[PDB]
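Chains as they are written, first to last, in PDB author numbering: chain B, 1 to 276; chain A, 1 to 276.
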Ligand SMILES: [Cl-]
Ligand SMILES: [Cl-]
Ligand SMILES: [Cl-]
Ligand SMILES: [Cl-]
Ligand SMILES: [Cl-]
């Protein structure tokens with residue numbers, strides 16, 4: 001695996017065909033590797049980027065606190081069979097004079113995570129657009145854990161016409177169900193025990209949906225699950241349309257349950273298909 | 001030459017390399033042809049788009065009356081040796097659900113045209129980004145007459161990483177100096193006679209610059225020239241830095257004289273290098 005940190009070397013190290021791409025912010029875990037394997041198996045050349053993007057971190061968030069361990073990532077990727085690792089510095093990605101932004105507007109970015117993290121999706125859209133242009137991938141892989149982000153990237157791709165196939169990969173979970181996330185390291189031993197509540201709430205809703213319950217009844221079951229863990233401050237809990245993320249008035253194939261909230265030392269999010 | 005109106009036909013007809021691209025809003029004139037000849041000479045495959053982009057027009061502007069005649073444009077491009085003409089409908093460029101925008105921030109889009117036309121450059125950046133992604137050109141050609149627009153496109157390309165070489169082509173003018181423009185068709189016979197005043201003012205500033213006069217002296221000469229035509233209501237007249245568009249206190253190579261204003265039936269703009 002060749003490691004590069006500049007745009008110049010990146011472009012020269014890239015073939016024009018069969019590129020599978022996996023954008024990440026470093027401090028990789030079992031979950032990221034699932035994306036890399038998927039990419040490795042489907043494309044002759046695999047590229048993974050590691051870059052903590054300042055643009056998607058807003059006021060009051062964890063930019064400087066974000067987990068960083070390049071050598072650990074470089075060793076993990078090298079072993080995963082990745083051909084190219086792009087680990088640029090902030091000034092390589094955003095040199096002096098940088099002033100362009102890409103943003104998906106409307107309900108897709110105004111609701112849920114967009115309401116809790118204003119400006120977050122503009123930062124994501126901007127860095128993804130740039131990465132797609134620098135890498136020119138045939139396929140790009142994203143985790144379903146960040147479902148809204150996945151839809152935002154798909155919308156930007158469809159709207160602007162990027163010739164990139166965006167692939168969503170199922171969420172990797174711990175035995176107790178806690179979705180893997182680099183931010184889980186924030187959790188203390190005690191909070192980690194309560195963390196499974198998000199997935200628990202989501203399962204409660206899927207259960208009602210399977211028993212023939214209404215959307216409203218499913219939401220109630222989910223609310224109750226969360227209420228049992230007051231330490232968890234809920235941001236939102238809903239059952240939304242799989243493509244528009246609008247609250248559902250009735251069930252539709254692919255109905256998505258989404259939840260988010262925060263414990264004192266960290267914020268967590270999760271989602272799951274509740275119907276059928 | 002072949003004419004296509006859908007993204008599907010476009011992508012299927014495009015080669016992977018050697019594409020020279022000229023984006024336009026139609027109702028072509030000799031000036032557009034200069035861009036086309038430049039692209040034809042420097043590239044094996046030439047693509048021209050004709051699309052009046054609603055995103056770059058304001059509510060009180062001329063979107064509805066903008067000159068349109070695809071047949072005449074086709075005949076012209078046919079003789080010019082163009083390979084592919086992309087003439088999409090609004091529905092094809094911006095289908096239901098379209099919600100993404102691209103914008104260059106800062107003084108570059110806030111000054112001059114950006115102040116007179118709020119949101120104009122976001123509209124330009126957005127459609128150009130999309131056209132670049134659909135066409136995937138090696139080189140894209142723009143007229144220097146819309147100098148600020150040329151810089152904005154260059155900044156977007158530089159920032160996002162578009163593998164596109166943006167070529168600026170010198171302005172084509174009538175014998176009396178008026179820069180050719182599709183909107184010149186709005187001018188009444190009497191106004192057309194007074195319209196050369198913008199170019200005259202620019203020439204007056206270059207004259208002073210060439211004689212060793214100061215920037216301030218050059219501006220006075222330009223203002224005096226404009227005052228000869230009271231029917232012309234100036235938006236701005238300045239001598240600016242060629243890259244930042246900031247007003248100059250002293251001469252620098254590439255110093256650009258820029259002017260814009262309105263006649264009752266049409267708004268005109270023009271610019272010229274006044275130094276050295
Ligand atoms: Cl990540
Ligand atoms: Cl983040
Ligand atoms: Cl045009
Ligand atoms: Cl316009
Ligand atoms: Cl307006």
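Beta carbons are placed, not taken as given, at the ideal position from N, Cα and C, and that holds for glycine.
Query                                                                                                                                 : Result
Buried versus exposed, by CB contacts within 10 Å (16 or more), residue 83 of chain A                                                 : buried
The stretch 156 to 172 of chain B touching the stretch 105 to 113 of chain A, judged by at least three CB pairs closer than 8 Å       : no
Exposed unless 16 or more other CB atoms sit within 10 angstroms - verdict on residue 185 of chain A                                  : exposed
Cβ contact check for the stretch 172 to 187 of chain A and the stretch 130 to 139 of chain A: 3 or more pairs under 8 Å               : no
CB contact check: residue 25 of chain A to chain B, cutoff 8 Å                                                                        : no
Backbone CA spacing between residue 35 of chain B and residue 195 of chain B [nearest angstrom]                                       : 24 Å
Any non-hydrogen atom of ligand 7 closer than 7 Å to residue 78 of chain B Cβ                                                         : Within the structure as shown, ligand 7 is missing, the only ligands being ligand 1, ligand 2, ligand 3, ligand 4 and ligand 5.
Closer than 7 Å: residue 182 of chain A CB and nearest ligand 3 heavy atom                                                            : yes
Candidates B/99, B/141, B/154, B/152, of which the one nearest residue 158 of chain A by Cα                                           : B/99
Option in A/18, A/240, A/176, A/72 with minimal Cα separation from residue 42 of chain A                                              : A/18
Residue 121 of chain A (DSSP reduced to helix, strand or coil)                                                                        : helix
Whole-number beta carbon distance between residue 246 of chain B and residue 59 of chain B, since they are thought to touch under 8 Å : Between residue 246 of chain B and residue 59 of chain B the Cβ distance is about 28 Å, and since that is not below 8 Å, they are no contact.
Rounded straight-line distance, which links the Cα of residue 271 of chain A to that of residue 80 of chain A                         : 27 Å
beta-carbon residue 121 of chain A near ligand 4 non-hydrogen atom, thresh 7 Å                                                        : no
Delimiting residues of the beta strand (DSSP E) encompassing residue 191 of chain B                                                   : Taken as a continuous stretch (DSSP letters only), residue 191 of chain B belongs to no beta strand (DSSP E), being part of the alpha helix (DSSP H) at 189 to 194.
Residue 59 of chain A beta carbon near ligand 5 (any heavy atom closer than 7 Å)                                                      : yes
Short CB-CB distance (under 8 Å) between residue 159 of chain A and chain B                                                           : yes
Chain B within 8 Å of residue 105 of chain A, Cβ atoms only                                                                           : yes
Interface residues of the stretch 105 to 135 of chain B facing chain A [CB-CB below 7 Å]                                              : 105, 106, 108, 129, 130, 133, 134
Which residues DSSP lists as bridging residue 277 of chain A, in chain order                                                          : This structure gives no information on residue 277 of chain A, because the portion of chain A shown stretches from 1 to 276.
Same chain, Cβ closer than 6 Å to residue 22 of chain B, five either side skipped, listed in chain order                              : 35, 36, 39, 48, 141
Counterpart residues of residue 141 of chain A in DSSP-defined beta bridges                                                           : A/167
Neighbouring residues (CB closer than 5 Å to any heavy atom of ligand 1)                                                              : B/24, B/25
Whole-angstrom C-beta distance between residue 103 of chain B and residue 101 of chain A, which should lie under 8 Å                  : 6 Å
Bridge partner(s) assigned by DSSP for residue 173 of chain B                                                                         : B/179
Residue 100 of chain B at chain A interface by Cβ criterion, 8 Å                                                                      : yes
Nearest neighbour of residue 128 of chain B, chosen from A/145, A/162, A/105 [CA to CA]                                               : A/162
Anticipated Cβ contact below 8 Å, residue 63 of chain A with residue 25 of chain A, distance rounded                                  : So it is not a contact: roughly 10 Å between Cβ atoms.
Classification of residue 30 of chain B by the beta-carbon crowding that lies within 10 angstroms, buried from 16 upward              : exposed
Segment contact, 8 Å Cβ cut-off, at least three pairs: the stretch 170 to 180 of chain A with the stretch 114 to 128 of chain A       : no
Residue 262 of chain B in three-state terms, based on DSSP                                                                            : strand
Residue 149 of chain A CB to nearest heavy atom of ligand 2 below 7 Å                                                                 : no
C-alpha distance - residue 164 of chain A paired with residue 180 of chain B, whole-angstrom precision                                : 39 Å
Partners in chain B for residue 162 of chain A, counting only beta-carbon separations shorter than 7 Å                                : 133
Endpoints, the beta strand (DSSP E) within which residue 100 of chain B is located                                                    : 100 to 104
Residue 259 of chain A beta carbon less than 8 Å from that of residue 201 of chain A                                                  : yes
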